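Asker: Provided hereafter are the protein sequence and its experimental coordinates.
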Amino acid sequence: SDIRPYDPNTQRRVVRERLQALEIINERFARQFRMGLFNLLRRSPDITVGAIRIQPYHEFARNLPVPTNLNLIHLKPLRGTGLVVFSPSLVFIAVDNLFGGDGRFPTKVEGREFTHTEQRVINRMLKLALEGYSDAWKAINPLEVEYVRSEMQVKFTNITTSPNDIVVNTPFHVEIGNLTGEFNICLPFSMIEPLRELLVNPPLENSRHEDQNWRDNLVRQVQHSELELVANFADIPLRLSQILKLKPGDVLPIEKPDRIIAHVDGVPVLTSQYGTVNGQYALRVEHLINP
Amino acid sequence: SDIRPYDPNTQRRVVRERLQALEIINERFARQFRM
Amino acid sequence: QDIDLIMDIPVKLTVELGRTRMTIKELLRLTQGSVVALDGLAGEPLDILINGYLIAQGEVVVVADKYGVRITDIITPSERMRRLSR
Amino acid sequence: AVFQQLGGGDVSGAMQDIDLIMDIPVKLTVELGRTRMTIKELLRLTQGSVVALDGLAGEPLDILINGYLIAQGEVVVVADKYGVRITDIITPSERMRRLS
Amino acid sequence: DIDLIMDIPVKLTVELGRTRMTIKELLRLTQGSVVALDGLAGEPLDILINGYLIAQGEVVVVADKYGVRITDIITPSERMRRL
Amino acid sequence: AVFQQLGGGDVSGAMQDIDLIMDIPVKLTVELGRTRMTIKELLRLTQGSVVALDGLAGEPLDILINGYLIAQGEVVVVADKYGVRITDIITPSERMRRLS
Amino acid sequence: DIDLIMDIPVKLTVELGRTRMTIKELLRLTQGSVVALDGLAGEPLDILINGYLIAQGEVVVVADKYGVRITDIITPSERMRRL
Amino acid sequence: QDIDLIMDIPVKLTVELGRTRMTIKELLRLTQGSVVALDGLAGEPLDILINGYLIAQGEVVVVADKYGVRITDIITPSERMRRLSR
């Protein structure tokens, strides 16, 4: 028997789920970003998509280097705030290539911050990155990507209510010539959660008309399914002691039921007034309990 | 049993509370003040 | 094996009008004022249950201007077994 | 005579929408197979015996909600846990083919 | 009198999975969606007669046709636990 | 016959505002877990026994005020004192999921 | 007669925290706000049956599922002090 | 263990109309002239309490044009224990 003391703040919540739809969106975005980078840098980059990592937010934060450009982005209409992380190496490579450099010298990063010119270069790159990501998402679910803010430290973002929240991280590796760099795209699981059934199964070559026809027929098929409806006349609170002495012939007082709740497996569906019709216990339906 | 006489004007009120929102406002202000 | 330990724990007792099994179709077209029956004849003792478990049977009685359940019997397990069987 | 006699409540009937009843638990069940068999072989059955099912091996399995057939799926194994993959909602024609 | 009910046909089924779901969940299912089953792999499949559980047994395929081996017949002691 | 008989006081009902009742003490309670269990195992319980809870370890805990579930939070330890961190107010759908 | 109430289901809960608050305080709570608990760390959690306290015990996790070890059953002498 | 030391200390005694438990919803829509009930039948002896602790039971009585509480009994601890238990 395994029995160990409960320790809070321990990484005990494990939620592993393959995300095929994200697995293809990543390659689509990588292809779009590669040509965007070719268009900008006038060079030939190769982007390798890494394995999607489903990890608590503080793991993602601690693995990041300091300083690193973080780009808070809004993936409307999905409520939340995603993050696009550009490594110092990648921005160094881009600035070197733009400003008359054939990347001859090795990239040197020693905690140096980002100037206004570097920030503008990163904004120019991030415009292409966001356009590519939006186009890639457009195939499955049309989303609009808005860049709201850029930061350099990790403690300024806090896109997760708690550091133990679970986020989805995709690291890409971009190589230009001999130089290499990496950049990540992190989405909080809260944003993805309404689209889990969409992001879980691999996409199929269908149409929106076919999809809506599918659930329509399924909805119609569901209607022909019998349910069990239970009407509760009264709910009287008695102690255990009363129940054991309880014996036939006793009278347990109850209050006036103005309305009668009808529930299916616990969930209330109807409130209706009791009655007798055709020798049967009947209910006059008064109100369907809408949410 | 710890029991010592009450001495007024002694620093006995300790209120320790981490202030993350101030911790980030300080860096934002520091960056603005540097430029 | 204590007895006074749980001698005082409260339980909540529920009483039903009756069973009925009806599909999504009729449930969705139920309107205000619509009447739906139940599986019990008007007159049989209602089933008293605790935590969704059968415990007793009794019907409602009017004494003066007040209401209560007049328990008819206590179901032994043998009866419970035929309840599940049929 | 406590209960009041209700009658003439057949006002009308019209489907409202499928979200009034949404958060109601459904009893989903996947079915491996069927076989029509009489009591003859029924008691002949002992422990370790094998009963052949009418369903051919590898065919799509049946999915029911509250015992009502709605869709046909395919069985898959994910992380050592059994799972069905919904393939197609059945048609009224196959429903009756099933009935006969 | 046993002879009368010793010959009658009856419908036999064996169920592989059992899951409880809400309608948000059922509607969310699309084409190709995978639905997980409460039943672990290798556990005895329920065997039902006209929807009445009588036995439990493992899944086995014989001559390219589905089948089931009757591991045991459940005594009504387990029926209380079935609910 | 000292008390005077009051009746017909159902004038109307309308929410005023939530500050008329503000400085009223609430009984806040965080819940570790739940488990449906019968009296069978109940008396079987001795000192040092362990009762498994339905709630999976590490899941958000439940927060109630006067015994009514309002929100789901997460447990944290601050200065050797137990503390819950409110994460999300529950939805009517999960409320009924809890009920069933 | 003991047999009748020896089988009935009942709902068991265990509460980890207890705090008294006004509404200024409850409304002030936002997303991510940390609420302190009157209960010190390591003190026995209350165990309630249908909202009725019967026992006290420590928190322990077994097989990745929450649990509690029954340290003691409170005699009604402590109930006066519970209020 | 002194007796004359606290023989003179004053205490304040309160009497209730009755208990009732009602949520924030109904409390906020309570208007002037609205009537709310209590958990006690009109006629039971009211509960007398000191510092929020049960001490006695009695009802109001009209003698001439003056009011007072006519105490019915003094609750022994055994009764107090069942008060908490149920």
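Answerer: Cool, the structure landed. Residues are numbered from 1 along each chain as shown, chains lettered A, B, ... in the order given.
Asker: the lengthiest helix in chain C to strand E:52-62, inter-axis angle?
Answerer: Counting residues, the longest helix in chain C under DSSP state H turns out to be helix C:77-85. Relative orientation of helix C:77-85 versus strand E:52-62 (axes from the mean of the first three to the mean of the last three Cα atoms, to 10 degrees): 50 degrees.
Asker: dihedrals phi and psi, residue A:84?
Answerer: Phi and psi for residue A:84, reported as degrees, to the nearest 10, are phi -120, psi 120.
Asker: now it: how far from residue A:73?
Answerer: 6 Å (Cβ to Cβ, to the nearest Å). (C-beta placed from N, C-alpha, C; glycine too.)
Asker: again with residue A:247
Answerer: From residue A:247 to residue A:73 the distance is 70 Å (Cβ to Cβ).
Asker: list the buried residues in the longest helix of chain C.
Answerer: Judged by neighbour count (16 or more other Cβ atoms under 10 Å in any protein chain shown), helix C:77-85 contains no buried residues.
Asker: next, residue A:147: secondary structure please.
Answerer: Classification of residue A:147 using DSSP: H, G, I helix; E, B strand; the rest coil returns strand.
Asker: tell me which residues touch it, please.
Answerer: Listed by Cβ atoms under 8 Å, 6 or more residues apart in numbering or on different chains, the contact set of residue A:147 reads A:71, A:72, A:73, A:123, A:126, A:127, A:130.
Asker: close enough to count as contact, the second one and residue A:149?
Answerer: Think residue A:72. Yes. Counting by Cβ atoms under 8 Å, residue A:72 touches residue A:149, with 4.6 Å between them.
Asker: my reading is that residue A:236 lies in a helix. Confirm?
Answerer: No. Counting by three-state DSSP, residue A:236 is not part of a helix but strand.
Asker: tally of neighbours for it?
Answerer: For residue A:236, the count of nearby residues is 16 (other Cβ atoms under 10 Å in any protein chain shown).
Asker: show me what it is bridged to.
Answerer: residue C:13 (DSSP bridges).
Asker: how much space separates it from chain B?
Answerer: 49 Å (Cβ to the nearest Cβ, to the nearest Å).
Asker: same question for residue A:21.
Answerer: For residue A:21 relative to chain B (Cβ to the nearest Cβ), the value is 35 Å.
Asker: next one: residue A:278
Answerer: Counting by Cβ to the nearest Cβ, the gap from residue A:278 to chain B is 68 Å.
Asker: what's the helix or strand for the residue of chain C found nearest chain H?
Answerer: Of all residues in chain C, residue C:8 sits closest to chain H, with a separation of 4.8 Å (Cβ to the nearest Cβ). Here residue C:8, judged by DSSP states H and E, is contained in no helix and no strand.
Asker: what about it, neighbour count?
Answerer: Residue C:8 has 18 neighbouring residues, counting by other Cβ under 10 Å.
Asker: give me phi/psi at it?
Answerer: phi -120, psi 0.
Asker: near chain D, which residues of chain C are found?
Answerer: Residues of chain C lying near chain D by Cβ under 8 Å from any Cβ of the partner chain: C:23-35, C:42, C:60-62, C:67.
Asker: from the chain's centre, how far out is stretch A:7-20? Work that out for me.
Answerer: From the chain centre to the centre of stretch A:7-20 is a distance of 14 Å (Cα atoms, centre = their mean, to the nearest Å).
Asker: so which residue is dead centre in chain A?
Answerer: residue A:192 (1.9 Å; Cα atoms, centre = their mean).
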